[PDB]
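Visitor: Okay, structure incoming, though there's no sequence with it:
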DNA sequence: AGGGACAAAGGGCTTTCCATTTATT
């Protein structure tokens, strides 16, 4: 053997979500889907920044955006679609033999666990992050191939076994192993209260007027699709000293917290992906980690 | 030793109030609710500045907003909801090494003293700030999880001891010491008199044709939600030469008086927070000051 | 005899709007004539022309500043620096609802053509986006200009793109005539001699630069001849209107 | 300006009118065109870390070479062969394909894989023209990041950002 | 037949250079 990696590898995104929408309904009548519009308010506060104690007697005027439920309704509705696309072993760039000897060494993995966790992240409502916190009772409705399901309450942190998720997981794992696609329409109902606050996605913008801006399609509040795609890829529980699931990254990096878990101890992607090619047998978990990175996709430079 | 704080730290709100609503009812009939709408009038008074004594003969014309009770009703009703969220030590931005070693130093604080004052500021009627002045009798009704409490007369500047506020404080402290949430529904009744003046929250406008614009929700007079939350956390009586309670703030500053009570004498939040991480022993009374700042939230980064 | 297939209200989410280094907005016509060639390779239907509208379009971000997408660490040897954020390179995003119209010749039954289009729409991407919702296509037949009006008015809510031509250069024309450009072709500069990094290994390679033109967005029900609203390949690495310059 | 020309040629010192550093910073692909230089065509220049030298006024080589059409004046050879040979030995070709878009195009009976690169003249002429002629439908965008000293001298000298055309179509109400 | 030498290719860490001119609806 003694074969080295090409300069650029490229794998597409096998899990395609769309940007969700926000609606205000009632827990009784879930048909009055009124949109939730983004306003603009101006608020007077104090500075109180670290240091600069000399300027601790003045006020700062700040303009922000906001999105609240109206006082007549008390239920948040979130609508989006999720598409699962198979053929996860075809390369886009830098195929050669490097991809074939990796495909023939990773054809005996556990797609059932990966599909079960990918569905269970949608089922538990991990795609909400501030909308889930404070809600009394959540209710998820999944429509896949004219077979409607409904869930009541799941535990977000621990992957608990149940017979409802296993059917959809077995449907997904047949697509991810062979060829084809499967689309599922997901609706989420949250009971919050009369006049509560909902939380859309915040922009990475440099506007000179607003201190905070929220994402909106034609005025109605929404979340980013690449934001929603992070919760599905939160399946990584196999890193060293594992406590909580993290997102699937090639270095296992959470830049929000400022630490990198998987990198630095010969456990990242670019060691295991060479060891699997060069004949070394892997454990059951780092065979799943590489395949989860392939389902995530991405380019990989030299 | 001597670990510095990370450049990005963030703490979410743990107290979520909603924007209040104003209604007009009679004192002996608590169900005939009608809206208090906001109107516009034009006033033709004189002008007087501490300059330009020459222009003391020209009456200026102003266009203001106003809201009053009708002449057949004499009781103002204020409605809002307050939500208390637990897990007050988990950081949004910023990971461990700092918040984890701050949590083990702020573990043994007295949550009962904080949770008593946070409910006593709602029960006494500090959440009004102009409708309290000139009222014959106030009456507050607090509803939590199918349980109703009624408060008639409470001193505001003094944190008195009674038997019904402590029944809610033991529920609030259980949420603030652990995980979960609790919801209070608060209704205030004040007997002002027929045709009296009600006071909504003003709005920050830039060069509007109006000299005074009031906040409104679909034409109904309301109060700002961040104005409601300032009255709840007016619990701070631990600064040097303490006379009256002020709001919880990392420099203890009020912009009306133009003075910072806590800043400038090695007593502020950032000096106290860095000392507690490095191993210094905090006083029994300013441990609740640092803990109240994490409930408020904000930015604590270099 | 020419046939037309029309797809209405195609929701695309996440289109990278950087068409060139000086144009950020709608994707150009070359994307939509590449989409027809992609359909011709994948399905088998020979497509010679393509028209397109714009029901809704909005580039995310503020008015004069577009938003930046966050980046993740995706490179070999980036272990030491992985805890810190990332270097950031520019690419904006946009969201829109479009209407597409092809021009095919099929010479067969019409109840399998809709199925062949629908088997492709669920797979492909419109300029790197994600197709969320789309209406069922239908087959239209026109013979002369009097029967052509039917296929023109079929897609009523629309804003088609017609050619306008360049006078001297894009900057002075944009300032004077109030028109916004679109790349309609590429000019090759120098052949790449080492093809071990390309994605074909057999096709010859050339470094190229964009070449611009000026366009006009027009109501589809206010166009006299429909052939000025079509686009096709043909010229030296370039696209052009069938019915000439409007 | 020979004392600055030899200093720029003692460095890396490349001169181009078509590059790929305006798309991705990690590119290092430089193309100089012979058929596009004219009486007002402005070019760009790259050296490692954007190292330069002043001329006792605050001007580097890039600020001198674009003012009063000096680049054509050395290029046409009216300043002699002493500096024209040094200018012609400066602009060389530098070909790289990594981290760039590669698309196909339909030629006559076949396909052609091609790589779009950026134009140095168009960016500078666009920013310096639309501002003086009061065109207020643009996107202001700076490239280089916190340290723009890594892409081009034209990145470093004007930090205010280039102007890009807004191409947002109107929509149906 | 196999550790040891002979020299390469990755990889962490440590510099390093380096400066505008803001209206727009």
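Guide: Right, received. Where do you want to start? Numbers count the residues shown, from 1 in each chain, chains lettered A, B, ... in the order given.
Visitor: which residues in the chain form helices?
Guide: Defaulting to chain A. Assigned by DSSP state H, the helices in chain A fall at A:98-103, A:111-123, A:163-177, A:225-232, A:269-277, A:284-296.
Visitor: I was thinking of chain C, sorry if that wasn't clear
Guide: Under the criterion DSSP H, chain C carries helices at the ranges C:29-42, C:113-121, C:145-154, C:170-177.
Visitor: Could you dump the helices of chain A into a markdown table with distance to residue B:171 added?
Guide: Backbone N, C-alpha and C define where each C-beta goes, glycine included. A markdown table is the format used below for the helices of chain A (distance: least, Cβ to Cβ, whole Å):
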| stretch | distance to residue B:171 |
| --- | --- |
| helix A:98-103 | 57 |
| helix A:111-123 | 32 |
| helix A:163-177 | 34 |
| helix A:225-232 | 32 |
| helix A:269-277 | 49 |
| helix A:284-296 | 43 |
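Visitor: Quick one: name the residues of the stretch 201-302 of chain A near DNA strand E.
Guide: The stretch 201-302 of chain A comes close to DNA strand E at residues A:208, A:264, A:270, as judged by Cβ under 7 Å from any atom of the strand.
Visitor: any idea which of those is closest to chain D?
Guide: Chain D has its nearest neighbour among these in residue A:208, at 11.0 Å by Cβ to the nearest Cβ.
Visitor: Now the residue lying farthest from the centre of chain C: phi and psi?
Guide: Most distant residue from the mean C-alpha position of chain C: residue C:80, 40.9 Å away (Cα atoms, centre = their mean). As for residue C:80, its main-chain torsions (degrees, to the nearest 10) stand at phi -60, psi -50.
Visitor: who's in contact with residue A:173?
Guide: Residue A:173 sits next to A:111-112, A:114-115 when contact means Cβ atoms under 8 Å, 6 or more residues apart in numbering or on different chains.
Visitor: now do residue C:31
Guide: Residue C:31 makes contacts with C:126-127, as judged by Cβ under 8 Å, 6+ apart.
Visitor: now it: how far from residue A:18?
Guide: The gap separating residue C:31 from residue A:18 is 20 Å, by Cβ to Cβ, to the nearest Å.
Visitor: For the stretch 51-200 of chain A, which residues are neighbours of chain B?
Guide: Within the stretch 51-200 of chain A, the positions near chain B by Cβ under 8 Å from any Cβ of the partner chain are A:51, A:53, A:56-59, A:61, A:68, A:71, A:130, A:133-134, A:193-197.
Visitor: Just give the closest residue to residue C:83, not the sequence neighbours.
Guide: Nearest in space to residue C:83, with sequence neighbours left out and distances taken as Cβ to Cβ, 6 or more residues apart in numbering or on different chains, is residue A:260 at 4.4 Å.
Visitor: tally of neighbours for the one you found?
Guide: 22 (other Cβ atoms under 10 Å in any protein chain shown).
Visitor: my guess is it meets residue A:246, correct?
Guide: No: Residue A:260 sits out of contact with residue A:246 when judged by Cβ atoms under 8 Å, with a separation of 10.3 Å.
Visitor: Pull up the overlap in contacts between these two.
Guide: With contacts taken as Cβ under 8 Å, 6+ apart, the residues that reach both residue A:260 and residue A:246 are A:252, A:254.
Visitor: rewinding a little: contacting residues around the residue farthest from the centre of chain C?
Guide: residue A:264.
Visitor: Surely residue D:86 touches residue D:9?
Guide: Yes: taking Cβ under 8 Å as the definition, residue D:86 is a contact partner of residue D:9 at 6.8 Å.
Visitor: Does DNA strand E have contacts with stretch D:23-34?
Guide: No: for a cut-off given as Cβ under 7 Å from any atom of the strand, stretch D:23-34 has no contacts with DNA strand E; the smallest distance is 13.4 Å.
Visitor: For the stretch 1-150 of chain A, list the residues in contact with DNA strand E, please.
Guide: Counting by Cβ under 7 Å from any atom of the strand, the stretch 1-150 of chain A sits next to DNA strand E at residue A:4.
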